[PDB]
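Enquirer: Structure of the sequence below:
(one chain, ligands or ions: 1)
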Amino acid sequence: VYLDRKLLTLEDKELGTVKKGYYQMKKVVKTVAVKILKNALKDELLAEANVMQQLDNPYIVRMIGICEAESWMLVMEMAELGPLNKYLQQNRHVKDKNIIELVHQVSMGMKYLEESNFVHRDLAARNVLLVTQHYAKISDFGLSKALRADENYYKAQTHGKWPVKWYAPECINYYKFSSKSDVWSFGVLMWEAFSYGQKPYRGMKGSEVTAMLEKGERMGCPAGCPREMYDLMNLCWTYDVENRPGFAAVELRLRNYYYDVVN
Ligand SMILES: CS(=O)(=O)c1ccc(Nc2nc(N[C@H]3CCCC[C@@H]3N)nc3cc[nH]c(=O)c23)cc1
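Expert: Numbers count the residues shown, from 1 in each chain. Have a look at this structure:
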């Protein structure tokens with residue numbers, strides 16, 4: 001849906017280009033985050049908007065619309081607390097239960113994405129945004145693909161701006177991206193979250209990570225991380241795609257554990 005520029009006010013400062021603004025609705029004004037294109041790069045923004053327009057889930061960032069003026073602009077709902085990794089780095093008092101809660105929410109959004117036959121392809125703590133300390137949304141659908149009705153993976157060709165530390169072995173070895181490869185990414189994300197925003201595989205190059213993983217080595221259990229959560233991380237890092245769980249199983253595992261903690 002195309003938006004009316006004269007109903008949009010932008011802040012002069014930027015968030016990272018992404019800027020805060022306000023979109024006049026009928027009686028209220030909605031605070032928005034606006035991705036603005038520095039003037040086939042057009043087509044990628046449109047691809048991203050095309051994916052977000054098909055998704056409707058509480059744990060996924062909503063698109064408001066696109067506004068063509070001066071620059072091209074993708075207008076989305078605002079998650080005020082920002083990226084998960086940054087938040088947790090600055091808020092080390094956040095408790096295990098809370099982290100469980102937030103990663104469970106991520107798993108619910110990913111369960112839905114899996115059901116909708118979309119692959120995210122850039123799932124990481126940086127692409128989970130906090131509306132509140134108890135409400136997480138998945139963002140950044142720029143690399144995301146809608147799977148064909150007759151296939152369970154997307155085959156890339158030699159993209160190189162790849163977040164290798166979040167990628168499953170089959171992505172690196174065969175360029176095959178599935179909901180199962182997103183599950184691998186989710187394991188890395190979980191590690192990141194329980195590590196309060198630390199980068200994974202610190203100081204390592206991509207090739208060294210691939211080598212570490214091929215030896216069967218995996219990142220260790222974060223300090224204070226419940227062992228059941230580390231076990232779930234290790235399960236996400238199943239080398240063999242076919243044996244690695246889907247998000248239905250991952251979400252169910254987190255759901256039960258979370259409500260075991262709540263009980
Ligand atoms: C100043 S801060 O670090 O606390 C902060 C950073 C980003 C945001 N919000 C967003 N960021 C981004 N994109 C980037 C910005 C740079 C860091 C990684 C994010 N994925 N995309 C979107 C999309 C829709 N809605 C959003 O709110 C949004 C909010 C606060």
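
Enquirer: So is stretch 135-143 next to the ligand?
Expert: Yes - residues of stretch 135-143 are located near the ligand by Cβ under 6 Å from any ligand atom, namely 139-140. For every residue, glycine as well, the C-beta is placed using N, CA and C.

Enquirer: And that stretch, what's buried?
Expert: 136-143 (16 or more other Cβ atoms under 10 Å).

Enquirer: Same question for stretch 256-263.
Expert: Across stretch 256-263, burial judged by 16+ other Cβ under 10 Å covers 257-258.

Enquirer: For the buried residues of stretch 135-143, could you give me CSV that also reports secondary structure and distance to residue 151?
Expert: Formatted as CSV, those follow (DSSP: H, G, I helix; E, B strand; the rest coil; distance: Cβ to Cβ, whole Å):
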residue, secondary structure, distance to residue 151
136, strand, 29
137, strand, 27
138, strand, 22
139, coil, 25
140, coil, 23
141, coil, 19
142, coil, 21
143, coil, 17
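
Enquirer: Include distance to residue 260 when you put the residues you listed into TSV, please.
Expert: Compiled in TSV, the buried residues of stretch 135-143 are given as follows (distance: Cβ to Cβ, whole Å):
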residue	distance to residue 260
136	20
137	25
138	24
139	29
140	31
141	32
142	36
143	34
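
Enquirer: any idea which of those residues is the one closest to residue 77?
Expert: Using Cβ to Cβ, residue 137 comes nearest to residue 77 of the buried residues of stretch 135-143, at 8.0 Å.

Enquirer: mind listing what the closest one touches?
Expert: 58-61, 79, 109, 128-131 (Cβ atoms under 8 Å, 6 or more residues apart in numbering).

Enquirer: As CSV, those with secondary structure would be great.
Expert: As requested, the contacts of residue 137 are arranged in CSV below (DSSP: H, G, I helix; E, B strand; the rest coil):
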residue, secondary structure
58, coil
59, coil
60, strand
61, coil
79, coil
109, helix
128, strand
129, strand
130, strand
131, strand
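
Enquirer: ok, and of these, which contact the ligand?
Expert: Restricting these to those within reach of the ligand (Cβ under 6 Å from any ligand atom) leaves 61, 79, 129.

Enquirer: ok, the second one touching residue 139?
Expert: The one in question is residue 79. Yes - judged on Cβ atoms under 8 Å, residue 79 makes contact with residue 139 at a distance of 7.2 Å.

Enquirer: that older thread, adding neighbour count, write the ones next to the ligand among the contacts of residue 137 out as JSON lines.
Expert: Listed next are these as JSON lines, based on neighbours: other Cβ atoms under 10 Å:
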{"residue": "61", "neighbour count": "22"}
{"residue": "79", "neighbour count": "19"}
{"residue": "129", "neighbour count": "23"}
